[PDB]
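A.B. asks: Got input-v9.pdb for you, PDB, C-alpha atoms and all ligand atoms:
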ATOM      1  CA  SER K   1      42.270 -22.947 -83.127
ATOM      2  CA  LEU K   2      39.117 -24.786 -82.587
ATOM      3  CA  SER K   3      38.422 -26.907 -79.574
ATOM      4  CA  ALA K   4      38.506 -30.699 -79.821
ATOM      5  CA  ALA K   5      34.745 -30.685 -79.662
ATOM      6  CA  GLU K   6      34.395 -28.091 -82.412
ATOM      7  CA  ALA K   7      36.955 -29.809 -84.535
ATOM      8  CA  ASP K   8      35.138 -33.150 -84.306
ATOM      9  CA  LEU K   9      31.877 -31.446 -85.519
ATOM     10  CA  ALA K  10      33.657 -29.964 -88.474
ATOM     11  CA  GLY K  11      35.194 -33.361 -89.288
ATOM     12  CA  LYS K  12      31.865 -35.103 -88.962
ATOM     13  CA  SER K  13      30.199 -32.661 -91.404
ATOM     14  CA  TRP K  14      33.131 -32.875 -93.820
ATOM     15  CA  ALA K  15      33.295 -36.645 -94.084
ATOM     16  CA  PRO K  16      30.281 -37.094 -96.410
ATOM     17  CA  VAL K  17      31.662 -34.255 -98.593
ATOM     18  CA  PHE K  18      35.187 -35.590 -98.794
ATOM     19  CA  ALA K  19      33.726 -39.154 -99.490
ATOM     20  CA  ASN K  20      33.334 -38.033-103.055
ATOM     21  CA  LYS K  21      36.331 -35.729-103.365
ATOM     22  CA  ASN K  22      36.462 -35.365-107.198
ATOM     23  CA  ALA K  23      32.763 -34.596-107.760
ATOM     24  CA  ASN K  24      32.395 -32.526-104.588
ATOM     25  CA  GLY K  25      35.638 -30.578-105.069
ATOM     26  CA  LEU K  26      34.524 -29.523-108.582
ATOM     27  CA  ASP K  27      31.042 -28.652-107.297
ATOM     28  CA  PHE K  28      32.411 -26.400-104.565
ATOM     29  CA  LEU K  29      34.447 -24.356-107.008
ATOM     30  CA  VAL K  30      31.524 -24.095-109.389
ATOM     31  CA  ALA K  31      29.105 -22.970-106.579
ATOM     32  CA  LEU K  32      31.710 -20.338-105.571
ATOM     33  CA  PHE K  33      31.946 -19.002-109.061
ATOM     34  CA  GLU K  34      28.223 -18.888-109.447
ATOM     35  CA  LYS K  35      27.573 -17.041-106.174
ATOM     36  CA  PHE K  36      30.643 -14.814-106.360
ATOM     37  CA  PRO K  37      31.497 -14.147-109.995
ATOM     38  CA  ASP K  38      34.490 -11.937-109.302
ATOM     39  CA  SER K  39      36.267 -14.822-107.636
ATOM     40  CA  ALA K  40      37.093 -16.437-111.008
ATOM     41  CA  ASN K  41      39.081 -13.412-112.059
ATOM     42  CA  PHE K  42      41.810 -14.280-109.548
ATOM     43  CA  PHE K  43      42.446 -17.532-111.339
ATOM     44  CA  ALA K  44      44.832 -17.418-114.293
ATOM     45  CA  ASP K  45      43.115 -20.442-115.755
ATOM     46  CA  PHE K  46      39.519 -19.201-115.424
ATOM     47  CA  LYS K  47      39.634 -15.401-115.799
ATOM     48  CA  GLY K  48      37.031 -14.160-118.275
ATOM     49  CA  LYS K  49      35.417 -17.541-118.739
ATOM     50  CA  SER K  50      31.810 -18.319-118.035
ATOM     51  CA  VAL K  51      30.669 -21.018-115.572
ATOM     52  CA  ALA K  52      29.891 -23.360-118.526
ATOM     53  CA  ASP K  53      33.397 -22.822-119.867
ATOM     54  CA  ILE K  54      34.868 -23.550-116.406
ATOM     55  CA  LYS K  55      32.767 -26.687-116.059
ATOM     56  CA  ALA K  56      34.068 -27.888-119.415
ATOM     57  CA  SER K  57      37.676 -27.119-118.640
ATOM     58  CA  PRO K  58      40.160 -29.923-118.339
ATOM     59  CA  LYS K  59      41.915 -27.707-115.738
ATOM     60  CA  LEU K  60      39.021 -27.707-113.220
ATOM     61  CA  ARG K  61      39.930 -30.935-111.581
ATOM     62  CA  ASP K  62      43.512 -29.945-110.953
ATOM     63  CA  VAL K  63      42.516 -26.747-109.156
ATOM     64  CA  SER K  64      39.602 -28.140-107.247
ATOM     65  CA  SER K  65      41.506 -31.168-106.077
ATOM     66  CA  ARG K  66      44.343 -29.131-104.603
ATOM     67  CA  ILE K  67      41.813 -27.007-102.703
ATOM     68  CA  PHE K  68      40.030 -30.035-101.202
ATOM     69  CA  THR K  69      43.314 -31.701-100.323
ATOM     70  CA  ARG K  70      44.361 -28.636 -98.341
ATOM     71  CA  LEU K  71      40.928 -28.111 -96.694
ATOM     72  CA  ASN K  72      41.033 -31.686 -95.467
ATOM     73  CA  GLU K  73      44.390 -30.905 -93.835
ATOM     74  CA  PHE K  74      42.874 -27.816 -92.155
ATOM     75  CA  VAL K  75      39.963 -29.986 -90.830
ATOM     76  CA  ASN K  76      42.377 -32.642 -89.544
ATOM     77  CA  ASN K  77      44.616 -30.186 -87.654
ATOM     78  CA  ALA K  78      42.088 -27.588 -86.581
ATOM     79  CA  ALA K  79      42.341 -28.399 -82.897
ATOM     80  CA  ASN K  80      46.022 -27.998 -82.717
ATOM     81  CA  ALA K  81      46.923 -24.321 -82.493
ATOM     82  CA  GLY K  82      50.468 -25.123 -83.284
ATOM     83  CA  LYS K  83      49.872 -26.848 -86.567
ATOM     84  CA  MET K  84      47.260 -24.247 -87.352
ATOM     85  CA  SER K  85      49.824 -21.447 -86.820
ATOM     86  CA  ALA K  86      52.123 -22.754 -89.490
ATOM     87  CA  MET K  87      49.348 -23.805 -91.842
ATOM     88  CA  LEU K  88      47.647 -20.463 -91.572
ATOM     89  CA  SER K  89      50.822 -18.445 -92.108
ATOM     90  CA  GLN K  90      51.774 -20.415 -95.114
ATOM     91  CA  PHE K  91      48.261 -20.384 -96.500
ATOM     92  CA  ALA K  92      47.887 -16.600 -96.111
ATOM     93  CA  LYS K  93      51.384 -15.963 -97.586
ATOM     94  CA  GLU K  94      50.602 -17.964-100.615
ATOM     95  CA  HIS K  95      47.135 -16.376-101.210
ATOM     96  CA  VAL K  96      48.239 -12.783-100.788
ATOM     97  CA  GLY K  97      50.887 -13.341-103.458
ATOM     98  CA  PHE K  98      48.158 -14.187-105.863
ATOM     99  CA  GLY K  99      46.161 -11.061-104.899
ATOM    100  CA  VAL K 100      43.572 -12.905-102.849
ATOM    101  CA  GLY K 101      42.569 -11.314 -99.580
ATOM    102  CA  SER K 102      40.210 -11.727 -96.679
ATOM    103  CA  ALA K 103      37.235 -10.395 -98.532
ATOM    104  CA  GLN K 104      37.289 -13.464-100.781
ATOM    105  CA  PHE K 105      37.371 -15.715 -97.730
ATOM    106  CA  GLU K 106      34.458 -13.820 -96.219
ATOM    107  CA  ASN K 107      32.583 -14.925 -99.343
ATOM    108  CA  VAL K 108      33.759 -18.565 -98.932
ATOM    109  CA  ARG K 109      32.585 -18.450 -95.303
ATOM    110  CA  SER K 110      29.119 -17.196 -96.308
ATOM    111  CA  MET K 111      28.464 -19.951 -98.741
ATOM    112  CA  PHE K 112      30.245 -22.896 -97.082
ATOM    113  CA  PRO K 113      27.575 -24.163 -94.647
ATOM    114  CA  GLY K 114      25.060 -24.208 -97.475
ATOM    115  CA  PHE K 115      27.376 -26.150 -99.685
ATOM    116  CA  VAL K 116      27.959 -28.779 -96.934
ATOM    117  CA  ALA K 117      24.198 -29.063 -96.242
ATOM    118  CA  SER K 118      23.602 -29.782 -99.922
ATOM    119  CA  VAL K 119      25.608 -33.031 -99.485
ATOM    120  CA  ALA K 120      24.234 -34.094 -96.100
ATOM    121  CA  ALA K 121      22.665 -32.330 -93.102
ATOM    122  CA  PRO K 122      25.465 -31.466 -90.772
ATOM    123  CA  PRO K 123      25.325 -32.171 -87.079
ATOM    124  CA  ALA K 124      24.272 -29.369 -84.727
ATOM    125  CA  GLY K 125      27.129 -27.073 -83.996
ATOM    126  CA  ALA K 126      29.000 -27.974 -87.279
ATOM    127  CA  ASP K 127      27.987 -24.645 -88.934
ATOM    128  CA  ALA K 128      29.438 -22.571 -86.129
ATOM    129  CA  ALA K 129      32.624 -24.665 -86.268
ATOM    130  CA  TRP K 130      33.115 -23.874 -89.995
ATOM    131  CA  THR K 131      32.545 -20.221 -89.472
ATOM    132  CA  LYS K 132      35.144 -20.248 -86.717
ATOM    133  CA  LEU K 133      37.697 -22.060 -88.912
ATOM    134  CA  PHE K 134      37.153 -19.681 -91.806
ATOM    135  CA  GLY K 135      37.422 -16.873 -89.236
ATOM    136  CA  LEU K 136      40.920 -18.077 -88.457
ATOM    137  CA  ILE K 137      41.804 -18.022 -92.132
ATOM    138  CA  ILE K 138      40.334 -14.542 -92.584
ATOM    139  CA  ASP K 139      42.441 -13.288 -89.621
ATOM    140  CA  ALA K 140      45.540 -14.745 -91.168
ATOM    141  CA  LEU K 141      44.910 -13.013 -94.511
ATOM    142  CA  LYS K 142      44.547  -9.718 -92.746
ATOM    143  CA  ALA K 143      47.865 -10.168 -90.985
ATOM    144  CA  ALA K 144      49.473 -11.182 -94.233
ATOM    145  CA  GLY K 145      48.485  -7.817 -95.595
ATOM    146  CA  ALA K 146      45.093  -8.149 -97.309
TER     147      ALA K 146
HETATM  148  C1  LIG K 201      38.182 -22.838 -99.631
HETATM  149  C2  LIG K 201      39.430 -22.520 -99.330
HETATM  150  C3  LIG K 201      40.657 -22.640-100.277
HETATM  151  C4  LIG K 201      41.714 -23.449-100.111
HETATM  152  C5  LIG K 201      41.894 -24.557 -99.056
HETATM  153  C6  LIG K 201      42.690 -23.125-101.134
HETATM  154  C7  LIG K 201      43.841 -23.826-101.384
HETATM  155  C8  LIG K 201      44.783 -23.560-102.399
HETATM  156  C9  LIG K 201      46.011 -24.303-102.604
HETATM  157  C10 LIG K 201      46.402 -25.518-101.724
HETATM  158  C11 LIG K 201      46.666 -23.746-103.656
HETATM  159  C12 LIG K 201      48.041 -24.115-104.307
HETATM  160  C13 LIG K 201      47.878 -25.212-105.362
HETATM  161  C14 LIG K 201      49.176 -25.705-105.965
HETATM  162  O1  LIG K 201      49.730 -25.027-106.851
HETATM  163  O2  LIG K 201      49.694 -26.741-105.510
HETATM  164  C15 LIG K 201      45.804 -22.661-104.148
HETATM  165  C16 LIG K 201      46.141 -21.779-105.191
HETATM  166  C17 LIG K 201      45.424 -20.632-105.534
HETATM  167  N1  LIG K 201      44.284 -20.213-104.912
HETATM  168 FE1  LIG K 201      43.375 -21.018-103.246
HETATM  169  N2  LIG K 201      42.331 -21.946-101.789
HETATM  170  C18 LIG K 201      41.084 -21.637-101.308
HETATM  171  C19 LIG K 201      40.315 -20.554-101.734
HETATM  172  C20 LIG K 201      40.665 -19.677-102.719
HETATM  173  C21 LIG K 201      39.840 -18.538-103.203
HETATM  174  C22 LIG K 201      38.484 -18.096-102.625
HETATM  175  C23 LIG K 201      40.529 -18.029-104.248
HETATM  176  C24 LIG K 201      40.190 -16.843-105.152
HETATM  177  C25 LIG K 201      39.058 -16.209-104.920
HETATM  178  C26 LIG K 201      41.738 -18.793-104.411
HETATM  179  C27 LIG K 201      42.674 -18.461-105.358
HETATM  180  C28 LIG K 201      43.846 -19.129-105.620
HETATM  181  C29 LIG K 201      44.778 -18.807-106.675
HETATM  182  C30 LIG K 201      44.622 -17.679-107.727
HETATM  183  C31 LIG K 201      45.730 -19.748-106.637
HETATM  184  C32 LIG K 201      46.923 -19.908-107.587
HETATM  185  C33 LIG K 201      47.053 -21.284-108.264
HETATM  186  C34 LIG K 201      46.556 -21.097-109.654
HETATM  187  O3  LIG K 201      45.487 -20.486-109.761
HETATM  188  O4  LIG K 201      47.145 -21.598-110.623
HETATM  189  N3  LIG K 201      41.816 -19.807-103.471
HETATM  190  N4  LIG K 201      44.677 -22.562-103.349
END
For this file, write the structure as structure tokens.

C.D. replies:
Amino acid sequence: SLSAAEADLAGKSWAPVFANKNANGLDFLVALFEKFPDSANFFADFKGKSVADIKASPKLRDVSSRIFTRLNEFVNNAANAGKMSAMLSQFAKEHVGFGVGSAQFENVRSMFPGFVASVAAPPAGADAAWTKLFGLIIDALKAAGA
């Protein structure tokens, strides 16, 4: 888990992003697809489609919303190793079943700080807190088998 201090920094940086959940959630998915094209292929709903096609899809909101909803939960419980344990396990288990592994998360981790900064400058230390949180997710994926 993250420390209380680290967790607070992540929460602080996330707030402005989550303020506009719908628009920001869609934008995150789109930025992911643009920077890491192969990522779309894992999605039944977006495999083979171009970014323009994805943007125009009535399914985008459903997928993006579920992701943001869960990320918010990770941010909220990040400082509680216990809650994290369960969340991580479950998260990893679910992802692996879909064929998603740690490599994909390594990509999310690389682009995340930049995405946040595009909404509002994050406080000092927030970047390192996100990397640590993603690190925890990456570790979980590896234990889950991928
Ligand atoms: C930023 C971190 C992400 C979070 C918090 C997240 C969260 C979730 C959640 C909560 C679900 C289940 C939705 C439901 O059916 O209720 C889901 C499904 C799924 N996720 Fe993730 N995910 C993340 C990143 C990724 C990445 C990087 C990929 C692929 C590269 C991915 C691929 C999938 C796939 C294929 C499904 C199956 C649902 C479907 O596509 O119909 N996720 N995700």

A.B. asks: Env of residue 102 (chain K): 10 Å cut, atoms = only C-alpha atoms, seq-sep filter 2 positions within chain, self excluded. Answer as a list in words.

C.D. replies: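 Here the qualifying residues turn out to be residues 92, 95, 96, 100, 104, 105, 106, 107, 108, 134, 135, 137, 138, 139, 140, 141, 142, 143, 144, 145 and 146 of chain K.
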
A.B. asks: Output the residue selection produced by the PyMOL selection byres (((not hetatm)) within 10 of (chain K and resi 201)) on the file above, formatted as an NGL selection string.

C.D. replies: :K and (25 or 28-29 or 32-33 or 36-47 or 59 or 62-74 or 90-92 or 94-109 or 112 or 134 or 137)

A.B. asks: To one decimal place, how far is CA of residue 85 (chain K) from CA of residue 7 (chain K) in Å?

C.D. replies: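 Taking CA of residue 85 (chain K) and CA of residue 7 (chain K), their separation equals 15.5 Å.
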
A.B. asks: Which residue out of K:124, K:52, K:136, K:5 has the minimum interatomic distance to residue 87 (chain K) when all atoms listed in the file are used?

C.D. replies: K:136

A.B. asks: Under the rule that all atoms listed in the file are counted, which of K:89, K:20, K:76, K:118 is the nearest residue to residue 2 (chain K)?

C.D. replies: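 When distances to residue 2 (chain K) are compared using all atoms listed in the file, the smallest one comes from K:76.
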
A.B. asks: Do you have the CA of residue 10 (chain K)-CA of residue 129 (chain K) distance handy?

C.D. replies: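 Result for CA of residue 10 (chain K) versus CA of residue 129 (chain K): 5.8 Å, one decimal.
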
A.B. asks: Box along x, y and z, 3 Å on every side, all listed atoms of region 76-89 of chain K inside: centre and edge lengths in Å to one decimal, as lines of an AutoDock Vina configuration file.

C.D. replies:
center_x = 47.1
center_y = -25.5
center_z = -87.3
size_x = 16.0
size_y = 20.2
size_z = 15.6

A.B. asks: Could you check how far CA of residue 123 (chain K) sits from CA of residue 21 (chain K), in Å to one decimal?

C.D. replies: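 So the two atoms, CA of residue 123 (chain K) and CA of residue 21 (chain K), lie 20.0 Å apart.
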
A.B. asks: Point out the residue among K:131, K:57, K:110, K:80 with the least atom-to-atom distance to residue 26 (chain K), counting all atoms listed in the file.

C.D. replies: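 Among the listed residues, K:57 lies closest to residue 26 (chain K).
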
A.B. asks: Looking at only C-alpha atoms, which of K:127, K:8, K:27, K:34 is the one that sits closest to residue 60 (chain K)?

C.D. replies: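 Comparing K:127, K:8, K:27, K:34 against residue 60 (chain K), the winner is K:27.
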
A.B. asks: Check the smallest atom-to-atom distance from each of K:6, K:133, K:121, K:51 to residue 84 (chain K) using all atoms listed in the file, then report the winner.

C.D. replies: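 Ranking K:6, K:133, K:121, K:51 by distance to residue 84 (chain K), first place goes to K:133.
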
A.B. asks: Which residue out of K:115, K:125, K:130, K:79 has the minimum interatomic distance to residue 16 (chain K) when all atoms listed in the file are used?

C.D. replies: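 For residue 16 (chain K), the nearest of the candidates is K:115.
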